[PDB]
Amino acid sequence: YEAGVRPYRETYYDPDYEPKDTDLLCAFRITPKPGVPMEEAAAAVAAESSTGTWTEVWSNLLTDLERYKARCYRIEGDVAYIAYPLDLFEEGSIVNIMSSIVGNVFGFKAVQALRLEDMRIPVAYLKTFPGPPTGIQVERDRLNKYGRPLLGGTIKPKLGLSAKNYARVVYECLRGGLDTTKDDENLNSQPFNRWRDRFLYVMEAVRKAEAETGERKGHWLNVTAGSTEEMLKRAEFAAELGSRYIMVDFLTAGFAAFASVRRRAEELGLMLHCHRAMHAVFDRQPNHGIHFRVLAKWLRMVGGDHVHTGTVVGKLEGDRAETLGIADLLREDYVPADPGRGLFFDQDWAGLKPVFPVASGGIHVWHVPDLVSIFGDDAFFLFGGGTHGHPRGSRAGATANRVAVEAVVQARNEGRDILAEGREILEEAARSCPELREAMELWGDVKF
Amino acid sequence: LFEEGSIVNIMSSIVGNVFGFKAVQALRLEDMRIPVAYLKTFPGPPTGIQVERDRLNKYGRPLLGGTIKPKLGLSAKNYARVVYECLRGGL
Amino acid sequence: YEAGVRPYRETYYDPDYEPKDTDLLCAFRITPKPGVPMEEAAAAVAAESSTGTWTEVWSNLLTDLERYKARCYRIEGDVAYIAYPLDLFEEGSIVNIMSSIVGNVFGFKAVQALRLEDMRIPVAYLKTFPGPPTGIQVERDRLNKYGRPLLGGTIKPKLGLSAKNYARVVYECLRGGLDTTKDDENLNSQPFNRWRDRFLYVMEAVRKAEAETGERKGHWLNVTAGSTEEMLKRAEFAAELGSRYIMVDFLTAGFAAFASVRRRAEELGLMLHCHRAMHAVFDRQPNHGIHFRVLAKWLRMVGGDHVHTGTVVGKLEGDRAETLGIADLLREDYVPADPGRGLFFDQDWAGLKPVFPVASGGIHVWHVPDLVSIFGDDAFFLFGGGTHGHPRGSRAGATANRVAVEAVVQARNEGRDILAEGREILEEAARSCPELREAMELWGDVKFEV
Amino acid sequence: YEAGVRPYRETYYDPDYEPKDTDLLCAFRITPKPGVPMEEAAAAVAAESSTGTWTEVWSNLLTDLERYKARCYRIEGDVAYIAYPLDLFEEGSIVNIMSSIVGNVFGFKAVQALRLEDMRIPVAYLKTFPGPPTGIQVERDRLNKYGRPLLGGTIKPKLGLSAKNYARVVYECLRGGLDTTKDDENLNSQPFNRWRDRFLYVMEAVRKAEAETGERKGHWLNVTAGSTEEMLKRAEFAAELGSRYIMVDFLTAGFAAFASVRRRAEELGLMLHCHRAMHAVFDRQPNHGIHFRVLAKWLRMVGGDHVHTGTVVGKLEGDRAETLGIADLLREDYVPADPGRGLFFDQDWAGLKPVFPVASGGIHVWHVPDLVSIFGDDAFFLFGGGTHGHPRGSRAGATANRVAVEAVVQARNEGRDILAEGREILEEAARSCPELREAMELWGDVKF
Ligand SMILES: O=C(O)[C@@](O)(COP(=O)(O)O)[C@H](O)[C@H](O)COP(=O)(O)O
Ligand SMILES: O=C(O)[C@@](O)(COP(=O)(O)O)[C@H](O)[C@H](O)COP(=O)(O)O
Ligand SMILES: O=C(O)[C@@](O)(COP(=O)(O)O)[C@H](O)[C@H](O)COP(=O)(O)O
Ligand SMILES: [Mg+2]
Ligand SMILES: [Mg+2]
Ligand SMILES: [Mg+2]
């Protein structure tokens, strides 16, 4: 035992290390404090997210640090690759992953900025997680909807509507062609609209629209609440009322409560929509934070049936290439590494069910060719303002959006170039659909 | 606009989506004034500083603690041996 | 520390204090013992309802009495205004409010009579209460009834009917046009009519009436009982049978058990009717007690869907101007002070749901013009004797009262002065409704003062 | 069936009726509206508290009103006696008694003022009530205290003390000679003193004083709360901490919740102190309300172990003769009617256990001779201000009060007249008790 402070790289930088198939790997983009070499910064991140601290400790001799320490094994420019032994992690706990990988290392004086770009989850650790309870294929069977993207939309105004008026908007949307509707992420239980009231009114509107159209419908009832117990109570009630879906803000509620709700959702027969409120607080900036592709891996592991992924073309930020990679991570059994899409590692999903991507935010009929081109059939397209903002209201707006999606789907199956011929496809459909003609006219000038 | 007693609801509105808009390149929430009428729907700490000092019977100084190291890798038995030495020594 | 007895006035009278928006305020009408000045009596009430006792105590120095004491901050004649800091009260407990405000101060030798006239509940404290489970607007959607007062009535005789005969009366009333019917406040479970039998027979009567009229119907099944556990058991059974409503005597059962029943009603999806039995024991006399407007505020805070407010014109006492104020306290988002109605403070309701006023007691068809003029549309009018006492029985009586209310409402919406033209509006309807004509003939000479 | 309004007197006034042993009887003092004969006003009370309403109903023919109606069978000046058949009441429910007897009859225009003076509870109905769970004799055995009144006191200031300072006052009081101490009626759980903290701090003080004095001690922890469930939760916690007592405001909490708390108390082995907060809102005025002796009967039926009865000589109102009757009602097996004490009926108690009277409110050492003379040994005397207001604090004050009571009990047992020689008895004890001397000097001029 030699007391005193030693540089982190002496023990935690090992560019000769060859990662094992059981290791958990991380890709960190590091911005060191000026004067701190890149190797010392990367080693500090590895040390203080595994086994080390700022000075040597006599208790190091009571353990086999060679077995348990993480190691930065490769540095490519400002990107550091770090490997973590399988034994460092608690089985089935995303919370534990976060507490090591992003626990303290983002606040060190020696590392000015730090962003976790990707993470390789090893198969041996994935087997301790359940994944989604329903999955794309079973959900299409439960809805009896095949061969196209599914239609949805957030009820607006976000807040302020009574339960009665809120449910009237739901009825109008579903009656007009939307497959689903949803509560806004911030609509929980408030003085103007208490959750029990909303749940009762809405399911009556869902049943009515379902009877009148002859198509199956659902509404994503938000159970997000201040405690795990209250969320479970709201899920139990939605199931009692015969709802197909519930909704949870998995990041604001948090991963521990999220896991509790996901377990209860499967026991009640509910499908689980996951809203990513708060994600942009730490996945927006390229120099610091956690990229959403990491959050999307954690989401699939705990087990959401959908998660929002961005629209690329809408009102919220999202890169086309990164979004395409995120969609594969959510839907495929195996995703090869792809630098062109920001995927730093191959990801085997070990038989876990796939998650529905969900595109929402500032989109309207003119975006439908782009969206089909980006996502294909296996996705939800959500039209909030794009439905209720129609000159003739939600019902007319729902019809315009549903017809647009089916026109572009039919064109693709016929082999046409849906981007090169996008407007032509929408104009042919508008000739037999007055509601689509009016939507194209109102928003023809709205671009982001 | 807010659900009584729910921090989760506050976050869902205030930091829900507004950090990812194309029109706003960066955004930082600096402070927040919680009104008294809303605070009263929250319980606050279960113990509190004064009751805790009574339970510890320690007054008139900062209190001493420390994180067991190495972070990970110690057996349960060796972990508790480190604990004992620290507490026996004055922490 | 200086031991010994000091006048309450020295510490608990502060005419310079400016109430805070978080303070709870009371208006007391005080009748001091002769020889005791008003200021000393008012300070005694403030002292012994907050922090003080009859002599100085060394332990006053272990706390900041400046922060917690109540203060009488204004006196006008025999009215005393007292302010209580927000931190003196337990969140969400009417029981605690009463324990301080009306706990011991009504029994002091130095204060010969005491009446609490009004109370200002601050917004910061209201937010700790849930309010009504359903509320007027949700309830109208659950019933599918709009644009008129709702019709009800107590089943008579109060006691003695078998469960089977009890339900037969219910059926006749609902079949004849009443929207609801109710158990008498004193009908709980008795040898001549046990609660399980009554609930079963009655719900069968309600379903038959709904099917024959094509209108939604309800009955207010009284779950009042000797213990909280028994009341909850009876509520569970009412929900199992599909009842839309339950009923509780919130004062005789008490506020603690009332809170328990209100919570379970929301969980069960039941609407909660509240009967104010016992209120007159302490809200009647002008010199001593608690004015009903305070009880109504507490009622809305705990959360009842309806509460009886009186009729003004019926067999039970009630003042018109005071009732108008009470009706606003139950239904409106904000009620400004109004000395003419006895509203001593502005009352903000902080988004709590509203409560249905219920007018009941010794009323009949001739009172309908006055009832509509007083309450408007958002109210229940209950006719017990006024229904079963009809010459041809309950079904005919229910038809007569229903038609009367719909005619007075129509005439009002047509712009007529229903008070100046009340008799004419009723006589016009009678020409097309034999039941109403005969009800008007029977009770035309039955009047109560006002 | 003859429709129309009839005078209440025709059916509900019967001066030839003989009350049965199974009838519940009431004595009402009635102030009719000017112009309403006394017989009509009494008939109206009988009718609208049993079976009648304001007009004849066809459904009367479906019922045997002769079997079930109440009847005014006697009028003596402005006092009306009314008999109610046993079958009108629900077994074991004070709530049902109130809903009939005092439900609506106090608010009729025809009766300008109404006061219920006394009530004869028949033995056949009493057998459906459990009565106190402990009782005076069992309680004295649990405390191991005999041959004197018991000492208590409310902690002061009423509100504002932290839990720590609160338990310090408790410790001084018990260490000084008080048998018990109690929370104020309005101390429940508040931001300055939460109930969990208070229960923990106080029980530590109780055990500490118990060990230093060698006598058994107790504190009346207030479980009064806004809902039945919360009160039961607090009672469970008191029992878990090994408390001998809990306390409930049985009127502000309400009788239904009171019954719930009484049942749980017996199951938990707790003795139940009952505070009568709010009683003066309806029992103070002689023209309108309910006399406390009625509430005292209902209290013993549900089963409180103590209840406050007033001091007569203190700061709160109370008539001596009426107080002597109320104590007999609470303690004796059978109480015969007595016009000099306001007892309108004989009351058989059917074997129910007796209740401890509790005298409290503005009393000090000079009142002890009167209190012993009034109540005898089986009572609590509570000194709040009379303890903490001592020139030298709570321990000194508790000593002065304990010494005074034992000096007076000692003089009585020797055959001295404790009232004629009260001053001499206290002065003799003060010669050897400086704490008593200082209390006598401090409060010698304080009289009510
Ligand atoms: O709150 C909103 O703005 C939305 O309801 C969109 O409403 P419109 O349909 O009216 O735009 C969605 O929650 C966002 O799209 C979420 O963003 P993301 O999908 O990127 O998490
Ligand atoms: O018991 C009764 O007398 C009633 O059923 C009325 O019967 P009628 O309809 O036959 O008069 C009601 O409970 C009273 O109106 C309550 O008084 P309030 O509404 O003033 O609390
Ligand atoms: O709050 C109070 O005033 C007391 O704590 C007395 O304190 P002191 O001992 O300082 O007077 C008691 O609650 C009253 O005696 C109750 O009145 P009753 O016994 O008549 O119900
Ligand atoms: Mg949204
Ligand atoms: Mg009634
Ligand atoms: Mg007290």
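Residues numbered from 1 in each chain as written, not as in the entry; some residues may be left out. Chains lettered and ligands numbered in written order. Part of a larger assembly, values for the part shown. Heavy atoms only, no water.

A.B. asks: Sorry if this is basic, but what is going on with the overall build of chain B here?
C.D. replies: Secondary structure assignment for chain B yields 4 helices and 0 strands. Of the regular secondary structure in chain B, the N- to C-terminal order runs α-α-α-α. Considering only C-alpha atoms, chain B reaches an extent of 55 × 35 × 25 Å along its principal axes. The contacts of chain B with a sequence gap of at least 6 include a subset with a gap of at least 24, amounting to 38%. Accessible surface computed for chain B: about 6500 Å², of which carbon and sulfur atoms make up 58%. Side-chain charges of chain B comprise 13 positive and 7 negative groups, with the mean position of each set lying 11 Å from the other. (Helix = DSSP H or I, 4+ residues; strand = E, 2+ residues; numbered from the N terminus. Contact = heavy atoms within 4.5 Å. Areas by Shrake-Rupley, 256 points an atom, 1.4 Å probe, with all protein chains shown as cover. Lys, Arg positive; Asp, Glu negative; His and termini not counted. Charge placed at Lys NZ, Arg CZ, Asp CG, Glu CD.)

A.B. asks: Looking at this structure, how should I read the sheet that holds strand β4 (residues 111–120) of chain A?
C.D. replies: Whether parallel or antiparallel, the strands of a sheet pair through hydrogen bonds between backbone atoms. Residues and elements named next belong to chain A. Sheet architecture is open: 5 strands sit in the order β2-β3-β1-β4-β10, paired in mixed fashion. The two strands at the open ends of the sheet, each matched to only one other strand, are β2 (71–76) and β10 (289–290). Two strands pair when backbone bridges link them, and β4 and β10 are joined in this way by 2 bridges, in the parallel orientation. If you follow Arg-115 over to β10, its bridge partner there is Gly-289. Across the sheet, helix α2 (residues 38–47) is in contact with β1 (24–32), β2, β3 (79–84) and β4; its angle to β1 comes to roughly 135°. (Pairing = 2+ DSSP bridges. Axes fitted to C-alpha atoms, helices over the stretch in contact; angles between N-to-C directions.)

A.B. asks: For this particular structure, what's the right way to read helix α6 (residues 136–143) of chain C?
C.D. replies: All names here are of chain C. Counted residue by residue, α6 has 6 buried out of 8 residues, so it is predominantly covered. Three or more residues of α6 are buried, namely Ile-136, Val-138, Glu-139, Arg-140, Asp-141 and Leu-143. One or two steps after α6, the chain reaches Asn-144, where phi turns positive at roughly 60°. (Buried < 20%, exposed > 50% of the residue type's maximum accessible area, 1.4 Å probe, protein only.)

A.B. asks: How should the coordination of the magnesium ion (ligand 6) be read in this particular structure?
C.D. replies: A metal bound by six donors in octahedral fashion has ideal angles of 90 or 180 degrees, whereas one bound by four tetrahedral donors has an ideal angle of 109.5 degrees. Surrounding the magnesium ion (ligand 6) are the protein donor atoms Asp-184 of chain D (OD) and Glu-185 of chain D (OE), at 2.0 to 2.1 Å. By the burial criterion, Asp-184 of chain D is buried, and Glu-185 of chain D matches it. (Donors = N, O, S within 2.8 Å, 3.2 Å for Na, K, Ca; no water.)

A.B. asks: Can you walk me through the interface of chain C and chain D in this structure?
C.D. replies: By a frequent convention, interface size equals the accessible area lost on bringing the separate parts together. With 114 residues of chain C at the contact, the number on the chain D side is 112 residues. Approximately 8800 Å² of surface area, both sides summed, lies buried where chain C meets chain D, with 56% of it carried by carbon and sulfur atoms. We note a salt bridge from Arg-234 of chain C to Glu-90 of chain D, for which the minimum N-O separation is 2.6 Å. Connecting chain C to chain D are 73 residue pairs in polar contact. Top contributing element to the side of chain C that touches chain D by residue count: helix α11 (residues 255–268) of chain C, with 6 residues. Tallied by class, the residues present in the side of chain C that touches chain D amount to 49 nonpolar, 46 polar and 19 charged. (Buried area = accessible area lost by both parts, 1.4 Å probe. Salt bridge = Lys/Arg side-chain N within 4 Å of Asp/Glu carboxyl O. Polar contact = N/O pair within 3.5 Å; in protein donor to acceptor, adjacent residues only side chain to side chain. Nonpolar A, V, L, I, M, F, W, Y, C, P; charged D, E, K, R; others polar.)

A.B. asks: Sorry, what's going on with the interface of chain A and chain C here?
C.D. replies: Between chain A and chain C, the residue contacts involve 5 residues of the former and 9 residues of the latter. Summing both partners gives a buried area of about 620 Å² for chain A against chain C, and 41% of it is carried by carbon and sulfur. Counting across the chain A and chain C interface gives 2 salt bridges. A salt bridge links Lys-164 of chain A to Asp-141 of chain C; the nearest nitrogen and oxygen atoms lie 3.2 Å apart. Here chain A and chain C share 3 residue pairs in polar contact between them. When residues in the side of chain A that touches chain C are grouped by element, the largest group, 3 residues, is from helix α8 (residues 195–213) of chain A. When its residues are assigned to classes, the side of chain A that touches chain C shows 2 nonpolar, no polar and 3 charged.

A.B. asks: Would you explain the site of ligand 2 in this entry?
C.D. replies: Taken together, 20 residues surround ligand 2, and among them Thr-154, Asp-184, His-308 and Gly-385 of chain C together with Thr-53 of chain D come closest. Neighbouring residues of ligand 2 are not confined to one chain but are distributed across chains C and D. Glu-185 of chain C is positioned with one of its side-chain polar atoms (N or O) 3.0 Å from an oxygen atom of ligand 2. A distance of 3.1 Å is found between an oxygen atom of ligand 2 and a side-chain nitrogen or oxygen belonging to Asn-104 of chain D. Calculation on ligand 2 without its partners gives an accessible area of 500 Å², and the protein chains cover 99% of this total. In the shell around ligand 2, the residues fall into 2 nonpolar, 11 polar and 7 charged. (Near = heavy atom within 4 Å.)

A.B. asks: Help me out: how do you make sense of empty space enclosed by the protein in this one?
C.D. replies: Empty space left among the atoms is revealed by rolling a probe the size of a water molecule over them. The full count for this structure, using the stated rule, is 2 cavities of 30 Å³ or more. Put simply, the largest cavity is a space of about 220 Å³. The wall of the largest cavity is formed by 20 residues, among which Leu-251 and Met-278 of chain C together with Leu-251, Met-278 and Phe-282 of chain D lie closest to the centre. The set of elements that each furnish at least two residues to the lining of the largest cavity consists of α10 (250–253) and α13 (292–302) of chain C together with α10 (250–253) and α13 (292–302) of chain D. A per-class count over the lining of the largest cavity returns 16 nonpolar, 4 polar and no charged. There is about 60 Å³ of room inside the second largest cavity. Lining the second largest cavity are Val-281, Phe-282, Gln-285, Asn-287 and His-288 of chain C together with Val-281, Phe-282, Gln-285 and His-288 of chain D. (1 Å grid on protein atoms, 1.4 Å probe; cavity = no way out; pocket = protein on both sides within 12 Å on 5 of 7 lines; lining within 4 Å. Points joined across faces, edges and corners; volume = space filled by probe spheres on them.)

A.B. asks: What is the right way to read the packing of α13 of chain D against helix α14 (residues 320–331) of chain D from this model?
C.D. replies: Between two packed helices, what matters for the description is the angle formed by their axes and the separation of those axes. Residue and element names in this part refer to chain D. For the pair α13 and α14, interaxial distance at closest approach is 9 Å and the crossing angle is 15°. As far as their axial angle goes, α14 and α13 are roughly parallel. In this structure, α13 crosses over α14, and the sense of that crossing is right-handed. Touching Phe-292, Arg-293, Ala-296, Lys-297 and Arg-300 of α13 are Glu-322, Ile-326, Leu-329, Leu-330 and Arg-331, all from α14. (Parallel < 35°, antiparallel > 145°, perpendicular 65-115°, else oblique. Left-handed = near helix turned anticlockwise from the far one by under 90°.)

A.B. asks: Explain the packing of aromatic side chains here, please?
C.D. replies: Each aromatic ring pair is characterised by the separation of its centres together with the angle its planes make. All names here are of chain A. By the definition in use, this model includes 59 aromatic pairs over all chains. Among the aromatic residues, ring-to-ring pairing joins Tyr-73, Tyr-81, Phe-344 and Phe-345 into one connected group. In this structure, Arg-276 is placed above the aromatic ring of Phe-292, and the distance from its NZ or CZ to the ring centre is 4.4 Å. (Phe/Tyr/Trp six-rings, centres within 6.5 Å; stacked < 30°, edge-to-face > 60°. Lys NZ or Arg CZ within 6 Å of the ring centre and 35° of its normal.)

A.B. asks: Looking at this structure, how should I read the arrangement of the chains?
C.D. replies: Where 5 pairs of chains are in contact, the pair with the most contacts is made of chains C and D. One finds no contact linking chain A with chain D; the least C-alpha distance across the pair is 18 Å.

A.B. asks: So what exactly am I meant to see when it comes to the environment of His-390 of chain D here?
C.D. replies: When you line up the elements, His-390 of chain D lands in the loop between α16 (385–388) and α17 (394–413). For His-390 of chain D, a relative accessible area of 0% translates into the label buried. It is 41 Å that separates the C-alpha atoms of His-390 of chain D and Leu-116 of chain D, two residues lying 274 residues apart in sequence. Every residue in contact with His-390 of chain D, bar those within four places of it in the chain, is listed here: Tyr-1 and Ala-3 of chain C together with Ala-396, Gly-397, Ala-400, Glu-435, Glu-438, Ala-439 and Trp-443 of chain D.

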